[PDB]
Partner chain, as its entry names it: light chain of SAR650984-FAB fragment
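There is one chain below, alone, in structure tokens, taken in the form deposited without the partner chain.
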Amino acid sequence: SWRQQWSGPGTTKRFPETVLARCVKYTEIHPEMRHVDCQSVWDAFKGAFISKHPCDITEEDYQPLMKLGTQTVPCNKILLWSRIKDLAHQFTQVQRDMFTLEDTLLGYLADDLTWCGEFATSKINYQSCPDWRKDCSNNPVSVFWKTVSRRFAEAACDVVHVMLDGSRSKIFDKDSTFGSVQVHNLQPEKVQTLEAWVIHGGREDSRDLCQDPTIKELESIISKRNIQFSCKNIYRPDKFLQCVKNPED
């Protein structure tokens, strides 16, 4: 018979098992979250999207999960990123008092995973899930990341650092989660400065990417929020990582 097919990849195999296992692992090494009930976390995560049409998801659907995974890390230890996360995560493994969203319980639970359900039944769809462009933007995955990315970013203070992909057409992309959500929730009451770290790929010919038109575009957004702006090139990721704990030696 007929089964509905979306354009995007389906739910990651073993998603329920993985999400539960991730919660158990996280709470074991983070004594601050040690007594979070991981079954309740999974129940809330699941309840946000199962039995719902996967284009009828709103931010409120994830509010029960958000409450259970409440975690407000030191606001002055936030690292944001856009497009690429590999270096960001490597950085927080070296500078271990720093956090990306994916180093918090909620980000950790969902990073690299895809998920969606269907109307009326409790079945997880492992065949397909809506594509943000071809099907609908209001899908379980896109809506999840939108709501957690805002919460994480809006709480930030002092200097907020963001890693940007300097190999792309738009080094700063206003249509990314950082550009459309996070940058607009930085509060000048708490945030003194946004500092951009532009990551060079292999084809950037050692040029000063802080002079890029999209960086001026980011600078303008930030200045209009009465926040200071700073930009630095990361020419060599491996050299950058080696110098993290001694940047002025």
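Residue numbers count along the first chain shown, from 1.
Note that the form solved in complex with the partner chain isn't included here; everything after this is about it.
The closest non-hydrogen atom of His35 lies within 4.5 Å of the partner chain in the bound PDB entry. Contact between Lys190 and the partner chain in the bound PDB entry is found at the 4.5 Å heavy atom cutoff. At the 4.5 Å threshold, heavy atoms of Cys75 reach the partner chain in the bound PDB entry. With a 4.5 Å cutoff on heavy atoms, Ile124 does not count as touching the partner chain in the bound PDB entry; it lies far away.
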